[PDB]
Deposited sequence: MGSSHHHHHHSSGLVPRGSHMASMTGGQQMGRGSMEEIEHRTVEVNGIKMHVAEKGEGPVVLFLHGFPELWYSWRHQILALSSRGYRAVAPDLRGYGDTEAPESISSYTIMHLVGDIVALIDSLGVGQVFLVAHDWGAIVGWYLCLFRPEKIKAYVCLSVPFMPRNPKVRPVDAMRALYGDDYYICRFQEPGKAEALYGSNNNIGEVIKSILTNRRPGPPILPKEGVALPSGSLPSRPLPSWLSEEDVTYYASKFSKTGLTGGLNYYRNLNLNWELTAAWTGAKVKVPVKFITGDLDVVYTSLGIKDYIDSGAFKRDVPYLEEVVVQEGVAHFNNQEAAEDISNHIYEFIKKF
């Protein structure tokens, strides 16, 4: 395959914001949507690999991240804004459809993209976060609070400023510890006013899949932006719930290949594995192919199991 230097970088105005797009290759578009707290850069291995197989790999920094515009208001980060961006981006590519690959928050954008404009998506490779049907009886954050308590990370992510302070008080080290984390189960912070267990321990050494140059690149971007843009996605969960009422009991009709590590925080959170194995996932996503569970892999599977992920993507999309 190629080098990082052969990847093209550019800016496009989409849905009223300037978006950074990285891309390489010619052929059918494969569009990659990163998660939190990541960047287009999280897809580096897949960009090289898929372009080498005759596809046009496209990976933007999402709204609020990296070199993409970060609107000042929290309310500009609802699911409607996010999918709007990606729809505008797809239309800017001059193609009728794309193959879609996404991870974490990017996969949530990807699910609603598949619901809102399915004709734009030929097939979807979804990493980490499966479809989550809307629960009209309770708001999502409320439910998390009732199930995991006030210290569940997403609950603590809600108040403006706090999670930012909790982390940054060295963004390189903060990104590194987030990326190298392998603790399964729901992330439950200590009570407010108590130190994160992290700060008492030395920074853990890098795993094989993540280099210092990688950590340096991540840090260069987040040193400028901070985490606010990314955190604002979580801050719109309850509003998103109001805004998506029309998709209660909706089904995704795009073909999907779902892939997760078995140590993924998401997979090992209450309900998710049961949701998958009970057949509920398949009910909601009738053209879901056989689910892939990656032995001994944690949350950041596009990076940790980069080669296997590039392979799984190609083997799926070449079918269409």
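- Unmodelled regions of the deposited chain, listed from N- to C-terminal end, are 1-31, 201-202.
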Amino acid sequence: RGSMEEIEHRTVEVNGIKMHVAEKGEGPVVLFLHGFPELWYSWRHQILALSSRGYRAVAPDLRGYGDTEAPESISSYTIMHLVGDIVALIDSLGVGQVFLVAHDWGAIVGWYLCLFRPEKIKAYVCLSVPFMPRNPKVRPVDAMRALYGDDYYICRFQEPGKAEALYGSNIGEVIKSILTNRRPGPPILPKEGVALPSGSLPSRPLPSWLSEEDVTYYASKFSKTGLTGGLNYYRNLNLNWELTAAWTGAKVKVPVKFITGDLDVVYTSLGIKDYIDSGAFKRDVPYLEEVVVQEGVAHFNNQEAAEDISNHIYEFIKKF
From here on, numbers count along this sequence of modelled residues.
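- Of the two segments examined, 309-317 and 1-9, it is 1-9 that shows the higher average Cα temperature factor in the deposited entry.
- As the entry records it, the average C-alpha temperature factor is higher for 144-152, out of 144-152 and 95-103.
- For the set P184, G110, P130, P118, the maximum C-alpha B-factor listed in the entry falls on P184.
- Looking only at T260, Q46, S269, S278, the residue with the top Cα B factor in the deposited structure is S269.
- Looking at the C-alpha B-factors along this chain, the one for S177 belongs to the highest third.
- Among all modelled residues in its chain, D284 ranks in the lowest third by Cα B-factor.
- Annotation for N238: C-alpha temperature factor in the middle third relative to the rest of the modelled chain, per the entry.
- Per the PDB record, residue ranking by Cα B-factor puts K162 in the highest third of the chain.
- When all modelled residues of the chain are sorted by CA temperature factor, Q303 is found within the highest third.
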